[PDB]
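J.: Quick check, what structure comes out for this input:
(2 chains, ligands or ions: 1)
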Amino acid sequence: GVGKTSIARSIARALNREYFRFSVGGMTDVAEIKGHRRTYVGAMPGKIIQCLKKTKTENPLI
Amino acid sequence: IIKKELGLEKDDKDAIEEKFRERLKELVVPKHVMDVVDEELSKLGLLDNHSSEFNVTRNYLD
Ligand SMILES: Nc1ncnc2c1ncn2[C@@H]1O[C@H](COP(=O)(O)OP(=O)(O)O)[C@@H](O)[C@H]1O
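T.: Numbering: from 1, shown residues only, chains lettered A, B, ... in the order given. Find the structure here:
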């Protein structure tokens, strides 16, 4: 509760590049980073794919 | 055509989904544990039916 995320948002605004935030807290499964091979029904891409898709840019502020 | 949502259409895991949801439906369930159960079911759909971690997930949701 010190505004670090708000600082990141303000930096993104000052850089004209989109903002996205990710939670790695206590995560142990790299799967969420790498998603899943897509072979299994229900397999999902890693959250980075979602971030890039929503931010609609290859130079976002992550 | 015979199926009409019978047999293969249950998948043997969405059946567990429906069972748990109906079991807790009569319950006035907390929203927090509601979303935790939703996450557990999402993982259930994200995991095969023939693995140990899936069995552990099923036991925890039980
Ligand atoms: N120096 C500051 N100037 C402006 N807003 C601040 C400041 N410090 C904290 N905030 C407020 O904190 C909120 C976000 O806090 P957050 O970034 O979630 O905390 P933390 O960085 O610890 O996770 C924002 O709404 C922001 O307005």
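J.: Now chain A against chain B: closest residue?
T.: Residue nearest to chain B within chain A: residue A:42 (4.5 Å; Cβ to the nearest Cβ). (Each C-beta comes from the backbone N, C-alpha and C, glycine too.)
J.: dump the residue contacts of that residue.
T.: B:45, B:46, B:47 (Cβ atoms under 8 Å, 6 or more residues apart in numbering or on different chains).
J.: Surely the last one is in contact with residue B:56?
T.: Think residue B:47. No - at 9.7 Å, residue B:47 does not count as touching residue B:56 under the criterion of Cβ atoms under 8 Å.
J.: the more surrounded of the two?
T.: Shown here are residue B:47 and residue B:56; by other Cβ atoms under 10 Å in any protein chain shown, residue B:47 has more neighbours (18 against 11).
J.: burial count for the closest residue to that one other than its chain neighbours?
T.: Nearest non-adjacent residue to residue B:47, counting by Cβ to Cβ, 6 or more residues apart in numbering or on different chains: residue B:54, 4.3 Å away. As a burial measure, residue B:54 scores 16 neighbours (other Cβ under 10 Å).
J.: And for residue B:44?
T.: 19.
J.: The chain: helices as residue ranges?
T.: Went with chain A since none was named. Remark: helices assigned in chain A by DSSP state H are A:4-15, A:31-34, A:47-55.
J.: if you could check chain B rather than the one you did, that'd help
T.: Going by DSSP H, chain B shows helices at B:14-25, B:31-46, B:52-61.
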